[PDB]
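Trainee: Quick one, structure for this:
(chains A, B, C, D, E, F, G and H)
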Amino acid sequence: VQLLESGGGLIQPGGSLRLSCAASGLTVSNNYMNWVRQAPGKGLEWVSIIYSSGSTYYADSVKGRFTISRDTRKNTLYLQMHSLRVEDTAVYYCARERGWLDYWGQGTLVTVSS
Amino acid sequence: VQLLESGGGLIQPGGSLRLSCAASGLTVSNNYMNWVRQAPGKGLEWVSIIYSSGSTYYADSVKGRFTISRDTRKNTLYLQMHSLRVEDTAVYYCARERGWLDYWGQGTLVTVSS
Amino acid sequence: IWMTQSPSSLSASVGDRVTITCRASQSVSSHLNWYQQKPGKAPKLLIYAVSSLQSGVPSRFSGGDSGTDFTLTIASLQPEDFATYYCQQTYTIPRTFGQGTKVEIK
Amino acid sequence: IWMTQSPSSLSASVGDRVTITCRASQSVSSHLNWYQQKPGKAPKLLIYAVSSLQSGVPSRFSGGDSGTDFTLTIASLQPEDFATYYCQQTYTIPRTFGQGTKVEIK
Amino acid sequence: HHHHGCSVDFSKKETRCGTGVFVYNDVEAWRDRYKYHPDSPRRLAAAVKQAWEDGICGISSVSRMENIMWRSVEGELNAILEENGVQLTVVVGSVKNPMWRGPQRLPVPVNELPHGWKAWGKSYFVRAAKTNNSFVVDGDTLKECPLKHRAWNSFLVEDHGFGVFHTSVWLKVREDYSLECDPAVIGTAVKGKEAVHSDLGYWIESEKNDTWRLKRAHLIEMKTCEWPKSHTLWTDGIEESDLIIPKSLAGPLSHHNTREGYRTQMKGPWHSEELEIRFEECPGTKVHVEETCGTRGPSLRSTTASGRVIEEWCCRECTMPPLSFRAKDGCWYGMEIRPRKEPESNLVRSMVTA
Amino acid sequence: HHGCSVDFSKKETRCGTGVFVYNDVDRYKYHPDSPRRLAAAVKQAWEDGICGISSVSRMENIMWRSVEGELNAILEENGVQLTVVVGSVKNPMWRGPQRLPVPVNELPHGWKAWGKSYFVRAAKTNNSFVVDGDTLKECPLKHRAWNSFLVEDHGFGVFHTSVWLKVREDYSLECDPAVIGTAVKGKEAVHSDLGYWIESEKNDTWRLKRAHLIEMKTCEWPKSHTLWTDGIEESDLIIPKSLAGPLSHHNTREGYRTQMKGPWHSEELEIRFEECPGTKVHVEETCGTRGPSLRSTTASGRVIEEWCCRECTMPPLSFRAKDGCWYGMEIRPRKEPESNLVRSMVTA
Amino acid sequence: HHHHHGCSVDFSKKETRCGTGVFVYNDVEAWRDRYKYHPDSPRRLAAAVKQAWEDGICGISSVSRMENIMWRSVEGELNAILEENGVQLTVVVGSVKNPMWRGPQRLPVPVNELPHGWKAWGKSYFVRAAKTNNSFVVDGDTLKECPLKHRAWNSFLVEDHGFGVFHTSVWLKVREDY
Amino acid sequence: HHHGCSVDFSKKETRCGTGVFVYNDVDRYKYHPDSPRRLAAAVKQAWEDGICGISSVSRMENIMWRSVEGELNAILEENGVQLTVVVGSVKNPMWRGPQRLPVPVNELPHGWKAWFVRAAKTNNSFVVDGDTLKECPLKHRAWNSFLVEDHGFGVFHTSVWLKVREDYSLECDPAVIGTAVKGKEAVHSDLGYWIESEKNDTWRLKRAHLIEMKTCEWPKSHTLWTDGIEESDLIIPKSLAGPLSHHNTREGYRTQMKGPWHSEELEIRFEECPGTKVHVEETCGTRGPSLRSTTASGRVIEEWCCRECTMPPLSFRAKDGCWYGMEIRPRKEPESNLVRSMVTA
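Mentor: Residues are numbered from 1 along each chain as shown, chains lettered A, B, ... in the order given. Please find the structure below.
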């Protein structure tokens, strides 16, 4: 398989960004999918998850601002981002979960500054 | 028909604080109750509402951090605040809604400074 | 529902007729309310349901409607009628206020 | 469920045995995984289900421990085995990682 | 262990029984057979008199059931009002859709009028005479009584009896303000891959494909109360802009009220008396999924006012089968689907919005 | 679809069409789709280190007991030296991290006949593939499969009497929604499946009324089958989320928090809000702290007569096992010390 | 085999007993004016009433209350379909007085029906027809302009008594024999 | 009255309401005597007066006797009376006896009024229905001596008591009879009979299901259309508790006095026996004993004929074969090798 992230770049504080993860080799509607971030020089942090039934959960840091989603036809993940803060600068990965994260993406970079 | 509030004060940024609004003359479990805040030198702004059935709604700026609740035994209304920021400095009021806010509290002051 | 108030500021003499306007970005059925706030006090309901007046308030306040345009009128300005006035819609969620309008003496 | 991983950093030479220790503040049934990340690259799954080894990972890696504590063990410290290692639990929402342990060449 | 029931199959002649919760489809029986018992003749008269003294001139009806209740009650209410020397008359018209929401509420009088009957079916003997003051129930009277002076959602159902020959409905006047639909007549159930949200006028069905989605709906009214969150399945992580039936139109705020590729139908044909939502093409029509179609807007009927059908339709991002409405007037389309070749000004559209 | 019902409290009957949810807490027939596919899946799992199975519910355990003899017949006929051993069910059914695989090909020999007329038993083999039991040392939890079957029958239909299962292709965490039915009507609601029957009522606010559990699952109740899933904290649910309790406001009660340390070791509980026979509970703010659930009788059979709670609400929360009548975590004895009573040794 | 199955409920002991057999219900004191009545056919009923008029049968004496209610529910559509066929005849339905005296005549069965109009009851969204001088009067306080000796009686035969989910229905037919 | 709901699978309809319901009651009910000591006294008095035994009326009475035999023997032994009650099986038809049990003035003094030691055999035996026609001939046996308690249309009692009658009676006990007609279908029924009738052109017999053949008289108060009917036209004979009504008739047939009444459980229906054909000719034999369709060797006769009967033909569905009516005889095969019934009504 292969997963590829997209949509990263530079955004000013309070701006909106929308990441994507294009899936090849597996369909996203029958998988549990995660978003994981890592601030530069720090450790891994969990962001959100979507079940194969459509249930979603979020971390306490991003709750009320981030929104995980997916599209059946295009077979891709999404992560809508709103009211971005300075402490949201990190690298974002998409991953597949079957009890463990065995398929990671390459990662995309998001920077929030002026 | 008196709504008296408490719990305001100075708090360190990123900290937590809890407000209360004790009601005399009306039962809070039979009414629609609001929380409205006013920043120093700015206009009025809506924060949260709880229906008489228990449904709750929040504003986008506070969604994920604030939580409204009530207690029938004590006949009082609460607003639990988490991860407070500096833009959350205002005077908070508890008001009763029946299509219009006919009863207001006196208000309490919350200051978030480092 | 974005609520836009006009004029932002207004100044009038005692005994004059004062009218301010509130505008809603879409339809509110008739859930529009008018409040006044003295500096350093909690707000107070003046008019509800567009025109319905409350009890204990002077009868020189009146409200009207015309195509998602709403107005608040004071018949004879009085020295106690100098405060900031807000409009509010109670139709959808979130409950949205106006930006305010305070009346000064000339 | 917070995960505390000690030691924070580790230095040892080729051929030695080094053990990384992870702890969970609560009970996880057996849902613990070990990952390895190199600078500039995405993490890679090494060990899952406490001891179960992932395909393609050499046999120098083995995990598992008794009680409320978990350990990851290296057999022969090959010189291409210097990176950061994390532990994760997949038993409860929210998912939690460990702060990481860096293994550097001595 | 009070609710015992059995279910039957007419193709295999067998029966299964047990205990549980039973939810009945009562939508298709928008029937006048019911007999209604509002608060009390004297109590209702005192409440209406106090409302008139308060400056409230009329009532907006929440649903058809309240309209039929007012029709059944008006004559006896007028008679008992006259017997107490109160110059007021109640006039009841018909309902128009959508049933818009009023900002006022009826009061609860401390004391009732001490002259008259004690039961609603007891006796209405002598007809009343017309009076100058008219307390008008909903109808084409928006000029003599605007919506801002017009009450809405003032009654609370107490019991829904089921007798041998008739079924009776018991009402009271609400003590407190409310925005939600009355929960005493709402029934929601899910079992396996199928679910239902329903009340006296709504019957909404869902199915489990790759994703849970709206399957079909049957509406005999378009009310504007709020569906209670306690009687709704999966009420989190859902945006109000995704609901097929808008939240303003008493659509449940649920993942079961969605469909992939469609958004909220704020501009559907909500002026009908009765419609059903189906996902298929209209008779003698056909739709394409091509990017070069037009922007979504008001819903369009598939037949011109002259009676000519259109055979060309397009959508940008919709998913087959298409969203189509079914009134007695024809077969409308969803906001997403637009004519492919013909101009859209030749077709009739929806002038209402939610 | 068509049916009739009676209401004994209101004394009324009626008929019509609609949606009916029944109390199923055997009438149905649970067996897998193909014995040969199951045998191939078991063999492939064995070859890849997976050694045991932990059941999600009692239905799966009964199905395994029904199928084990034929499964061993297929395994022995094909030249595979593997034995399937099925034991008893110990609550709560803990969750395993492994999953059964889907075989690309089935076994070359055998029969797909649901029942085996040939009662030829195979010889016991030194290799054992144990199903749930007191065998945590032959096959620990970290090598056990869990929630590997998909109930491939669904719907509102009620006349089938035959339920089929197959090994699923995708990983999953939730309780299977094929057997779940929830319904609300007026002032009464229920969340139910083959083993749970949880009732809520409309007082001044919605709250838990009574529950009746005959197992302790650890899957997750699906959110698509739950009423009022928003604005609720996980620390307020009476039945914990870790024990397949629905995440809803119908799973709450004022003055109580989650009962993480209740008597979940038992085989059948009955949560209800009233005192145990011959006991009273008072409300004094000086009472103890939350802790393990205690019975109302000591190990000798002596019934304690004095309990306190700090901020609970009458009537008190109590559990009704077959061998006692416990209390909630917030209710402690007024006089008797707690070091001699019997408390629950399990936590959620 | 057996198609009539049922159960009995005891509201004072919460006991229920089920089985198969024959069930007889008390249908007295039922709101029977809100049933659905389907006489023979609008065209055939119109033809029969007409042919009775040219045979000297002025009106009708009702056997029971159900027939009176059926006539009340039918008269408007029957008048409309008579008017559409160009027949100068109106049906007037009055009150009913006890006892219900026997009439010596019978309604006929026409060979063919009137070749104009609809084919079902309670439909067609008709409009009220104009009154005419010829009155075919169903029972009422009208036993003077044509007496009991020219009135029909016991002319209808029930074919079905169906209990639908929402409304019960009764299907009638004109008797072939006395 | 009685509240209940019902379903009609033919019309595909359901309904509820109050009314009157008659069930197919052909265990849920417990049949016991009123008092054991009084029954023991009655048996003792009957034995004193030269009544050696009992012939049962129905299977209910045999079941009740089998249920109370041990306690009755124990009560008899506790009074020093040398008499034992022996209960046997019943064979159909259940013939009628001329005697009756006597109501005792006062019951035996010793015993228990409730409802436990095994008794020992005695010289004298009071035989209940069985194969003892030589020890106790039919002329010395009582018959129809019990009165069943009545509950009417009620269905929730779980218990019935029986007590010795004080007055003579010939009819079947009406406490267990229920007949009903609704539209075009009727039924006459009791604990052992379920007789159905229909309306095609006139009312006629449709089918019957008998699990016994008793010899009481069906009471006229529980019968529909009892007037203007000849006893020679009833399909089920009057001597076999057949209702005396027009619902018990079929055109072209007369009373089946010589049917297969020896069977254990019969079923009358109007349809040809499997692999058989019946024809109407003017050159057939007269009425006679009922003949089974298969021979003693199992061969099936395939040609049968009747003089002036009507199709479908009358057939009795017993367990050992499919007998034909008295009006239907083999067309070609002589009747010497055919199985014929040895019983008459």
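Trainee: Quick check: beta-bridge partners of residue G:171?
Mentor: residue G:38, residue G:160 (DSSP bridges).
Trainee: Distance of residue E:289 relative to residue E:207?
Mentor: 21 Å (CB to CB, to the nearest Å). For the C-beta atoms, the positions are set from N, CA and C on the backbone; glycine is no exception.
Trainee: go on, residue G:177?
Mentor: In terms of CB to CB, residue G:177 sits 56 Å off from residue E:207.
Trainee: More neighbours: which of the two?
Mentor: Using other CB atoms under 10 Å in any protein chain shown, the more surrounded residue of residue G:177 and residue E:207 is residue E:207, with 14 against 6.
Trainee: how about the residue in chain G that chain H sits nearest to, secondary structure?
Mentor: When distances are taken as CB to the nearest CB, chain G reaches nearest to chain H at residue G:6, 3.2 Å away. State at residue G:6, reduced to three classes by DSSP: H, G, I helix; E, B strand; the rest coil: strand.
Trainee: wait, doesn't it sit right on residue H:2?
Mentor: No - if you go by CB atoms under 8 Å, residue G:6 and residue H:2 don't touch, sitting 10.8 Å apart.
Trainee: anything in contact with each of these two?
Mentor: Common neighbours of residue G:6 and residue H:2, using CB atoms under 8 Å, 6 or more residues apart in numbering or on different chains, are residue H:21.
Trainee: Go ahead and measure how far the longest strand along chain E is from the middle of the chain.
Mentor: Longest strand of chain E, by residue count under DSSP state E: strand E:14-24. How far strand E:14-24 lies from its chain's middle: 28 Å, per CA atoms, centre = their mean, to the nearest Å.
Trainee: Neighbouring strands of the helix or strand following that strand in the sheet, and parallel or not?
Mentor: Using DSSP states H and E, the helix or strand that follows strand E:14-24 in sequence is strand E:35-37. Counting by DSSP bridges, the strands paired with strand E:35-37 are strand E:168-173 (parallel).
Trainee: Check which element follows the strand it pairs with along the chain.
Mentor: The helix or strand immediately downstream of strand E:168-173 is strand E:187-191, counting by DSSP H and E.
Trainee: what about that following strand and chain A, any contact?
Mentor: No - shown here: strand E:187-191 not in contact with chain A (CB under 8 Å from any CB of the partner chain), separated by at least 13.1 Å.
Trainee: and if you look at stretch E:327-340?
Mentor: No - judged by CB under 8 Å from any CB, stretch E:327-340 and chain A are separated, with a smallest distance of 14.9 Å.
Trainee: Can you give me the buried ones in that stretch?
Mentor: Neighbour counts over stretch E:327-340 (16 or more other CB atoms under 10 Å in any protein chain shown) mark E:330-340 as buried.
Trainee: With only the CA atoms kept, save it in CSV.
Mentor: Output of stretch E:327-340 as CSV, limited to C-alpha atoms (Å, rounded to 0.1, in the frame of the first residue of the first chain):
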residue,chain,number,x,y,z
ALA,E,327,-46.0,16.0,-3.8
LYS,E,328,-49.5,15.8,-5.4
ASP,E,329,-48.3,18.5,-7.8
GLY,E,330,-45.6,16.4,-9.4
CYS,E,331,-42.0,15.3,-8.7
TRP,E,332,-39.5,18.0,-7.7
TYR,E,333,-35.7,17.6,-7.7
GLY,E,334,-33.0,18.5,-5.1
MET,E,335,-31.2,21.7,-5.0
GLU,E,336,-28.1,20.1,-6.5
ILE,E,337,-29.6,18.9,-9.7
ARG,E,338,-30.1,21.4,-12.6
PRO,E,339,-31.4,21.2,-16.2
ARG,E,340,-28.7,20.1,-18.6
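Trainee: Chain neighbours aside, what residue packs nearest to whatever residue of chain E ends up closest to chain F?
Mentor: Scanning chain E for the residue nearest chain F gives residue E:5, at 3.0 Å (criterion: CB to the nearest CB). Take residue E:5 and drop its neighbours on the chain: the residue closest to it by CB to CB, 6 or more residues apart in numbering or on different chains is residue F:5, 3.0 Å away.
Trainee: Which residue lies nearest the spatial centre of chain C?
Mentor: Centroid check for chain C by CA atoms, centre = their mean gives residue C:34 as the closest residue, at 4.1 Å.
Trainee: for it, what are its contacts?
Mentor: C:45-48, C:61, C:63, C:72, C:85-88.
Trainee: the longest strand in chain G is where?
Mentor: strand G:15-25.
Trainee: tell me the angle of that strand relative to strand H:178-182?
Mentor: Inter-element angle recorded for strand G:15-25 and strand H:178-182: 50 degrees (by axes from the mean of the first three to the mean of the last three CA atoms, to 10 degrees).
Trainee: thinking again about what came up before, can you spell out which residues form a bridge with the residue nearest to residue E:5?
Mentor: residue E:5, residue F:14.
Trainee: That one touches residue F:14, doesn't it?
Mentor: Yes - counting by CB under 8 Å, residue F:5 does reach residue F:14; the two are 6.4 Å apart.
Trainee: give me every residue that touches the residue nearest the centre of chain G.
Mentor: In chain G, the centroid-proximal residue (CA atoms, centre = their mean) is residue G:70; its distance is 3.8 Å. In this structure, residue G:70 makes contact with G:37, G:39, G:156, G:170, G:172, judged by CB under 8 Å, 6+ apart.
Trainee: swap the cut-off to 7 Å and go again
Mentor: For residue G:70, the contact set (CB atoms under 7 Å, 6 or more residues apart in numbering or on different chains) comprises G:37, G:39, G:172.
Trainee: helix, strand or coil for it?
Mentor: Criterion first, three-state DSSP; result for residue G:70: helix.
Trainee: The one 3 residues further on now?
Mentor: State at residue G:73, reduced to three classes by three-state DSSP: helix.
Trainee: That one and residue G:39 touch, don't they?
Mentor: No - the criterion here is CB atoms under 7 Å, and residue G:73 misses it with residue G:39 at 9.3 Å.
Trainee: more neighbours, these two?
Mentor: Between residue G:73 and residue G:39, counted using other CB under 10 Å, residue G:39 has the larger neighbour count: 22 against 19.
Trainee: what's the closest non-adjacent residue to that one?
Mentor: residue G:172 (4.7 Å).
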